[PDB]
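Participant: Before anything else, here's the structure in question.
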Amino acid sequence: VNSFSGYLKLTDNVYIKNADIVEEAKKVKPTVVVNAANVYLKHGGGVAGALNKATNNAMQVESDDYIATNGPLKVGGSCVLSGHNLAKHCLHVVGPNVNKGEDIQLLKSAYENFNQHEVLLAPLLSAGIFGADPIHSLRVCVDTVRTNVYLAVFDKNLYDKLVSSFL
Ligand SMILES: O=C(O)C[C@H](NC(=O)c1ncnc2[nH]ccc12)c1ccccc1
């Protein structure tokens, strides 16, 4: 039993809510919040800009040190950093950004990173300003992630569409 509230059950292990992931993080303080990152960990907009803003830019400062030491992530890859005031840890996961012309096939690899964590609060990877089909991303999530994932969808119309079309 955990502290997430008002989530709709999609499958055995995947739940979904129309909510601001930042506000969900502040309320639950999960062990892991997932960031929809890019390979440079430059947290400008979307989930990343929103999470980073909520940390008062501490996420960005930590991320810049990470990149200076390790270089960029791979598309489909991830790293574990601090969750700052939002969570114990932040799992920065790079899904493909279709508006950058990146390989849609790497979305499954991106979701595989979730399987290293028993429970996660996460956004829908590659959706929103990342430009992929969100119905497709949800199918990949449910078909790839085996651990317990609580998906927070910001856009109300998007949430309603995702629920109403889910197989
Ligand atoms: O769920 C959605 O609508 C799509 C989602 N976007 C956000 O979660 C989001 N975007 C902008 N400002 C925000 N402030 C608090 C949350 C938030 C998303 C998923 C994957 C990549 C990029 C974006």
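Letters A, B, ... go to the chains of the structure tokens in the order shown; residues in each chain start at 1; ligands are counted from 1 in the same order.
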What residues have any atom no more than 6 Å from ligand 1 when counting only C-alpha atoms and all ligand atoms, and can you list them as a list in words?
Facilitator: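 Going residue by residue within 6 Å of ligand 1, we get residues 20, 21, 22, 36, 46, 47, 50, 123, 124, 125, 126, 127, 128, 129, 130, 153, 154 and 155 of chain A.
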Participant: Those same residues - C-alpha atoms - I'd like them written as a compact mmCIF listing (two decimals), in the first residue's frame.
Facilitator:
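part_35.txt was written with the following content:
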```
# COMPACT_ATOMS: atom_id res chain seq x y z
CA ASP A 20 0.55 18.08 -12.59
CA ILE A 21 3.51 15.75 -11.97
CA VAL A 22 5.21 18.49 -9.93
CA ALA A 36 11.40 13.40 -19.49
CA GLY A 46 7.78 20.32 -20.55
CA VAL A 47 8.20 17.98 -17.60
CA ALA A 50 8.62 22.21 -14.76
CA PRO A 123 5.09 11.25 -17.25
CA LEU A 124 4.07 9.67 -20.54
CA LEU A 125 7.40 9.41 -22.37
CA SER A 126 7.83 11.18 -25.71
CA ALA A 127 4.33 12.74 -25.48
CA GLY A 128 3.55 16.46 -25.34
CA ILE A 129 6.26 18.63 -26.86
CA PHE A 130 8.33 15.53 -27.62
CA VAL A 153 -0.80 13.44 -17.41
CA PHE A 154 -0.91 17.23 -17.34
CA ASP A 155 -3.26 17.98 -20.23
```
Participant: Per residue of segment 52-147 of chain A within 7 Å of segment 23-35 of chain A, which atom pair is closest and at what distance in Å (one decimal), using only C-alpha atoms, listed by chain and increasing number, as a Markdown table?
Facilitator:
```
| residue | atom | partner | partner_atom | distance |
| --- | --- | --- | --- | --- |
| A:86 | CA | A:25 | CA | 5.2 |
| A:87 | CA | A:29 | CA | 4.6 |
| A:88 | CA | A:31 | CA | 4.8 |
| A:89 | CA | A:32 | CA | 4.9 |
| A:90 | CA | A:33 | CA | 4.9 |
| A:91 | CA | A:34 | CA | 4.7 |
| A:92 | CA | A:35 | CA | 4.7 |
| A:93 | CA | A:35 | CA | 6.1 |
| A:119 | CA | A:32 | CA | 7.0 |
| A:120 | CA | A:32 | CA | 5.1 |
| A:121 | CA | A:33 | CA | 4.8 |
| A:122 | CA | A:34 | CA | 4.7 |
| A:123 | CA | A:34 | CA | 6.8 |
```
Participant: Just the selected residues (C-alpha atoms), exported as a tab-separated table (two decimals), in the first residue's frame, please.
Facilitator:
```
chain	number	residue	atom	x	y	z
A	86	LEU	CA	10.30	16.49	-4.98
A	87	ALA	CA	11.35	12.85	-4.42
A	88	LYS	CA	14.20	10.78	-3.07
A	89	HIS	CA	15.59	10.22	-6.57
A	90	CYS	CA	14.94	11.52	-10.07
A	91	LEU	CA	15.30	9.02	-12.91
A	92	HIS	CA	16.17	11.15	-15.95
A	93	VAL	CA	14.96	9.12	-18.96
A	119	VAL	CA	7.66	2.07	-7.93
A	120	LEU	CA	7.76	5.28	-9.99
A	121	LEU	CA	5.80	8.49	-10.53
A	122	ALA	CA	6.25	9.24	-14.23
A	123	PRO	CA	5.09	11.25	-17.25
```
Participant: At what distance in Å, to one decimal, does atom CA of residue 43 of chain A lie from atom CA of residue 4 of chain A?
Facilitator: 25.5 Å
Participant: Neighbouring residues of residue 9 of chain A were defined as those with any atom within 12 Å, considering only C-alpha atoms; residues of the same chain fewer than 3 positions away were excluded. Please report them as a PyMOL selection string.
Facilitator: chain A and resi 4-6+12-17+142+148-151+163+166
Participant: Between A:162, A:79, A:10, A:136, which has the minimum distance to residue 107 of chain A (counting only C-alpha atoms)?
Facilitator: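 Closest to residue 107 of chain A, using only C-alpha atoms: A:136.
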Participant: Separation of atom CA of residue 84 of chain A and atom CA of residue 59 of chain A, in Å?
Facilitator: 7.1 Å
Participant: Considering only C-alpha atoms, can you say which of A:3, A:165, A:99, A:115 comes closest to residue 144 of chain A?
Facilitator: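 Comparing A:3, A:165, A:99, A:115 against residue 144 of chain A, the winner is A:115.
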Participant: Using only C-alpha atoms, which residues sit within 8 Å of residue 114 of chain A once same-chain residues fewer than 3 positions away are excluded, as JSON, numbers by chain?
Facilitator: {"A": [110, 111, 117, 120, 145, 147]}
Participant: Write out as JSON, numbers by chain the set of residues from chain A that DSSP, computed on the backbone, places in strand (DSSP E or B).
Facilitator: {"A": [8, 9, 14, 15, 16, 17, 18, 32, 33, 34, 35, 36, 78, 79, 80, 81, 82, 89, 90, 91, 92, 93, 119, 120, 121, 122, 148, 149, 150, 151, 152, 153]}
Participant: Just checking: using only C-alpha atoms, which residue out of A:85, A:63, A:57, A:137 ends up closest to residue 40 of chain A?
Facilitator: A:63
Participant: DSSP on the backbone: what in chain A comes out helix (DSSP H, G or I), as JSON, numbers by chain?
Facilitator: {"A": [21, 22, 23, 24, 25, 26, 27, 28, 46, 47, 48, 49, 50, 51, 52, 53, 54, 58, 59, 60, 61, 62, 63, 64, 65, 66, 67, 68, 69, 70, 98, 99, 100, 104, 105, 106, 107, 108, 109, 110, 111, 112, 113, 114, 115, 116, 128, 129, 130, 134, 135, 136, 137, 138, 139, 140, 141, 142, 143, 144, 156, 157, 158, 159, 160, 161, 162, 163, 164, 165]}
Participant: Quick one: residues within 9 Å of residue 131 of chain A, only C-alpha atoms, excluding same-chain residues fewer than 6 positions away - as number ranges by chain?
Facilitator: A: 96-100
Participant: Write the selection just made, keeping N, CA, C and O atoms, as a PDB file, in the first residue's frame?
Facilitator:
```pdb
ATOM      1  N   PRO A  96      12.774   9.236 -27.310  1.00  0.00           N
ATOM      2  CA  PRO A  96      12.986   9.923 -28.591  1.00  0.00           C
ATOM      3  C   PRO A  96      12.097  11.155 -28.728  1.00  0.00           C
ATOM      4  O   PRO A  96      10.916  11.128 -28.380  1.00  0.00           O
ATOM      5  N   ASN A  97      12.677  12.245 -29.241  1.00  0.00           N
ATOM      6  CA  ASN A  97      11.946  13.478 -29.520  1.00  0.00           C
ATOM      7  C   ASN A  97      11.678  13.539 -31.020  1.00  0.00           C
ATOM      8  O   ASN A  97      12.589  13.817 -31.810  1.00  0.00           O
ATOM      9  N   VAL A  98      10.421  13.291 -31.403  1.00  0.00           N
ATOM     10  CA  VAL A  98      10.048  13.239 -32.815  1.00  0.00           C
ATOM     11  C   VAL A  98      10.219  14.600 -33.483  1.00  0.00           C
ATOM     12  O   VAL A  98      10.463  14.681 -34.692  1.00  0.00           O
ATOM     13  N   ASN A  99      10.082  15.687 -32.723  1.00  0.00           N
ATOM     14  CA  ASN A  99      10.305  17.014 -33.287  1.00  0.00           C
ATOM     15  C   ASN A  99      11.779  17.299 -33.548  1.00  0.00           C
ATOM     16  O   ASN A  99      12.088  18.282 -34.232  1.00  0.00           O
ATOM     17  N   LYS A 100      12.684  16.463 -33.030  1.00  0.00           N
ATOM     18  CA  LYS A 100      14.097  16.493 -33.389  1.00  0.00           C
ATOM     19  C   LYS A 100      14.459  15.455 -34.443  1.00  0.00           C
ATOM     20  O   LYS A 100      15.628  15.369 -34.832  1.00  0.00           O
TER      21      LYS A 100
END
```
Participant: For atom CA of residue 64 of chain A and atom CA of residue 42 of chain A, determine how far apart the two atoms are, in Å to one decimal place.
Facilitator: 8.1 Å
Participant: Counting only C-alpha atoms, which of A:83, A:77, A:134, A:71 gets nearest to residue 55 of chain A?
Facilitator: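 With only C-alpha atoms as the atom set, the closest residue is A:83.
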Participant: Could you name the residues that touch residue 76 of chain A at 6 Å or less, counting only C-alpha atoms, but leaving out those on the same chain fewer than 5 positions away, as a PyMOL selection string?
Facilitator: chain A and resi 94-95+106+109-110
Participant: Keeping only N, CA, C and O atoms, write the selected residues as a PDB file, in the first residue's frame.
Facilitator:
```pdb
ATOM      1  N   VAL A  94      15.594   9.510 -21.280  1.00  0.00           N
ATOM      2  CA  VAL A  94      15.559  10.146 -22.594  1.00  0.00           C
ATOM      3  C   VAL A  94      14.720   9.284 -23.530  1.00  0.00           C
ATOM      4  O   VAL A  94      15.175   8.248 -24.014  1.00  0.00           O
ATOM      5  N   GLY A  95      13.484   9.701 -23.789  1.00  0.00           N
ATOM      6  CA  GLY A  95      12.729   9.141 -24.878  1.00  0.00           C
ATOM      7  C   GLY A  95      13.080   9.852 -26.172  1.00  0.00           C
ATOM      8  O   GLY A  95      13.637  10.954 -26.161  1.00  0.00           O
ATOM      9  N   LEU A 106      13.075   3.783 -30.339  1.00  0.00           N
ATOM     10  CA  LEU A 106      13.816   3.792 -29.083  1.00  0.00           C
ATOM     11  C   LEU A 106      12.928   4.018 -27.870  1.00  0.00           C
ATOM     12  O   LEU A 106      13.427   3.999 -26.743  1.00  0.00           O
ATOM     13  N   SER A 109      13.066   1.036 -25.450  1.00  0.00           N
ATOM     14  CA  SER A 109      14.301   1.064 -24.671  1.00  0.00           C
ATOM     15  C   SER A 109      14.214   2.077 -23.538  1.00  0.00           C
ATOM     16  O   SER A 109      14.659   1.812 -22.416  1.00  0.00           O
ATOM     17  N   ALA A 110      13.638   3.248 -23.815  1.00  0.00           N
ATOM     18  CA  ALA A 110      13.484   4.267 -22.778  1.00  0.00           C
ATOM     19  C   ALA A 110      12.642   3.744 -21.617  1.00  0.00           C
ATOM     20  O   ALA A 110      13.009   3.891 -20.445  1.00  0.00           O
TER      21      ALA A 110
END
```
